[PDB]
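Okay, structure first, notes after.
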Ligand SMILES: CCCCC/C=C\C/C=C\CCCCCCCC(=O)O
């Protein structure tokens, strides 16, 4: 149980991410780039501010929030979102809303794997990173 969020993680595998992005409405080309990328995600904490830094990908991002507190974000595929992240039993639950629509991204540490599961409507993807 030193297996906590804080850290850097290296992409390992992916399942169904193509159809999850189709569901989000991401363009054919941006989907291409997202499916070849092998991102590194670094999560850090300072006081009560969490910073998720996504690197080694086609467009690097960085998002800082407090749990329970609404934030704005322009995503890598250029949506203008509203978000609320909360935490429960080790799982960070992110509800991201834009133009009437919603996706839920959940992240949980499993033995130095970070497992990120994204759902929108009917469609789920799982991505697995490993502790760099
Ligand atoms: C953010 C990862 C970089 C590779 C995909 C790139 C950009 C994403 C663009 C459109 C769909 C959003 C995917 C990222 C979801 C949270 C990260 C993850 O599932 O880990």
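In the numbering used here, the protein residues as written are 207 to 338. By construction, the Cβ of each residue, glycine as well, lies at the ideal position given by its N, Cα and C atoms.
Less than 7 Å separating the Cβ of residue i from some heavy atom of ligand 1?
i           : result
residue 225 : no
residue 359 : In the structure as shown, the chain begins at 207 and stops at 338. Residue 359 is therefore absent and cannot be evaluated.
Can you list, in chain order, the residues of its chain with a C-beta nearer than 7 Å to that of residue i? Leave out the 5 residues immediately preceding and following it.
i           : result
residue 319 : 334, 335, 336
residue 281 : 287
residue 285 : 304
Please name the residue in the options whose C-alpha comes closest to that of residue i.
i           : options            : result
residue 273 : 331, 231, 260, 298 : 298
residue 308 : 207, 227, 212      : 227
residue 214 : 324, 257, 323      : 257
residue 253 : 338, 332, 212      : 212
Residue i bridges to which residues according to DSSP?
i           : result
residue 250 : 257
residue 294 : 297
Under 6 Å Cβ to Cβ from residue i, same chain only, skipping five residues before and after it: list those, please.
i           : result
residue 262 : 245, 246
Can you round the beta-carbon distance between residue i and residue j to whole angstroms, since I take them to be within the 8 Å contact cut?
i           : j           : result
residue 264 : residue 291 : With a Cβ gap of about 23 Å, residue 264 and residue 291 do not count as contacting.
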